[PDB]
Amino acid sequence: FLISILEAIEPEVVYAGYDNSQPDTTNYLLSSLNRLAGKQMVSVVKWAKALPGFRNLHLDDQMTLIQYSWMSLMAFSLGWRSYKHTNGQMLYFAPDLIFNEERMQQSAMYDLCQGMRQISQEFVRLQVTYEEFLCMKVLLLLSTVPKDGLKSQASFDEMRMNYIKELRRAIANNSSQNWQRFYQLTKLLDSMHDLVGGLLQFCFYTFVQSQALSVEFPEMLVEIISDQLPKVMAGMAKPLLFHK
Ligand SMILES: C[C@]12CCC(=O)C=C1CC[C@@H]1[C@@H]2[C@@H](O)C[C@]2(C=O)[C@@H](C(=O)CO)CC[C@@H]12
Ligand code: NA
Ligand code: NA
């Protein structure tokens, strides 16, 4: 039922509104992705609010969690779309904006693009199911927290454990085979932190020099990044890992 609910609140595909008549310069590609991110942020916030348990958290905890995990959420979903639509060969940012070798090159962030493609490749290797993906995505929203704790810690812990259990349900082969899959899927979850660290570094860097580098960011993103950046830079957040 919880899983059936996740299927129901899963956001509909978001288009980039990309204009292919324009040259694919780094400035245009990055600005287009930032605009896409803004549109995706709207879907993310709406999705989170509809998530069983999220509403029970303090308003500040809700904002904090979205602020710290939006990049991981979008990168993970990108990995899923690329997996389903291109078997992990291209980055399916949006139906109207798919990154091939050429775009990855002109984006000036080829390596980060490959890091994200590696996620899709893991989905392929493990043949991640839609149910597993849905539960894992919720866990990402609940895997980067303030070092000083949350206001509704108790409720948070309970929520997190519920979705972890839901994930094991999706996984459920004998018990040892289920354990192995839990091990592998949570290894994938933990791997998101390092990738996201690199994604956020370039995001913050281009954000800080948005005007000078002519890389546009929509208001939906500017507000969030403006607040998130200092917190992250000061080392106020920490990951909730599944492995040593
Ligand atoms: C959210 C984003 C787009 C939507 C989506 O499906 C998946 C992602 C993940 C990668 C993200 C992009 C988008 O932020 C453009 C970037 C974020 O600013 C890059 C910039 O720094 C551009 O200035 C670095 C990391 C990129
Ligand atoms: Na908080
Ligand atoms: Na792989």
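The figures that follow rest on heavy atoms only: side chains count, while hydrogens, waters and symmetry mates do not. When a residue number appears, it is its place in the shown sequence, counting from 1. We count ligands from 1, going down the list as the structure has it; atoms in each ligand are counted the same way.
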For atom 8 (C) of ligand 1, what is the nearest protein heavy atom, given as residue, atom name and distance?
-> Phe93 CE2, 4.1 Å
Shortest reach to atom 14 (O) of ligand 1 by a heavy atom, considering only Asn34, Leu36, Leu33, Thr206 | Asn34
Look at the aromatic rings of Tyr130 and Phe133 and report parallel, tilted or perpendicular, splitting at 30° and 60°.
-> parallel
Could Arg168 and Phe182 be counted as a cation-pi pair, given that NZ or CZ must be under 6.0 Å from the ring centre and within 45° of the axis?
-> yes
Taking every non-hydrogen atom, the tightest pair across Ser120 and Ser82 | OG-CB, 3.0 Å
Contact atoms of ligand 1, heavy-atom distance to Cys203 under 4.0 Å | 18 (O), 21 (O)
In this structure, CD1 of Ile66 is separated from CE of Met41 (nearest 0.5 Å) by 8.0 Å
For atom 10 (C) of ligand 1, the protein heavy atom that lies nearest, with its residue and separation = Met116 SD, 3.6 Å
Close-contact set for ligand 1 against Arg81 heavy atoms, below 4.0 Å = 6 (O)
When you measure from atom 11 (C) of ligand 1 to each heavy atom in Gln209, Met41, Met71, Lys39, which option holds the nearest one?
-> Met71
Closest N/O/S atom of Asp61 to the Na ion (ligand 2), by atom name?
-> OD1
Distance from atom 19 (C) of ligand 1 to nearest protein heavy atom, with residue and atom = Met109 SD, 3.9 Å
Return the name of the atom in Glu122, of element N, O or S, nearest to the Na ion (ligand 3).
-> OE2
Atoms in ligand 1 with a heavy atom of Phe202 nearer than 4.0 Å | 21 (O), 24 (C)
Number the atoms of ligand 1 from 1 as they appear, then name those within less than 4.0 Å of a heavy atom of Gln40, with their elements.
-> 4 (C), 5 (C), 6 (O)
Pair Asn162, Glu166: side-chain N/O donor-acceptor within cut-off below 3.5 Å = no
Does at least one non-hydrogen atom of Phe204 fall below 4.0 angstrom from an atom of ligand 1?
-> no
Taking every heavy atom of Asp190 against every heavy atom of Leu240, the minimum-distance pair comes out as OD1-O, 4.5 Å
Exercise: identify the closest heavy-atom pair between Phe217 and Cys203 = CZ-O, 3.7 Å
Run the numbers for me: atoms of ligand 1, each under 4.0 Å from some heavy atom of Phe217, listed by number.
-> 23 (O)
Here the atoms of ligand 1 under 4.0 Å from any heavy atom belonging to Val215 are 23 (O)
Less than 6.0 Å separating the ring centroids of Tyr83 and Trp80?
-> yes
If you take all heavy atoms of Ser107 and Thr26, which pair is closest and at what distance?
-> O-CG2, 3.4 Å
Strictly under 6.0 Å, is that where the ring centroids of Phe76 and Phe123 end up?
-> yes
Hey, which atoms in ligand 1 end up nearer than 4.0 Å to a heavy atom of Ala37?
-> 1 (C)
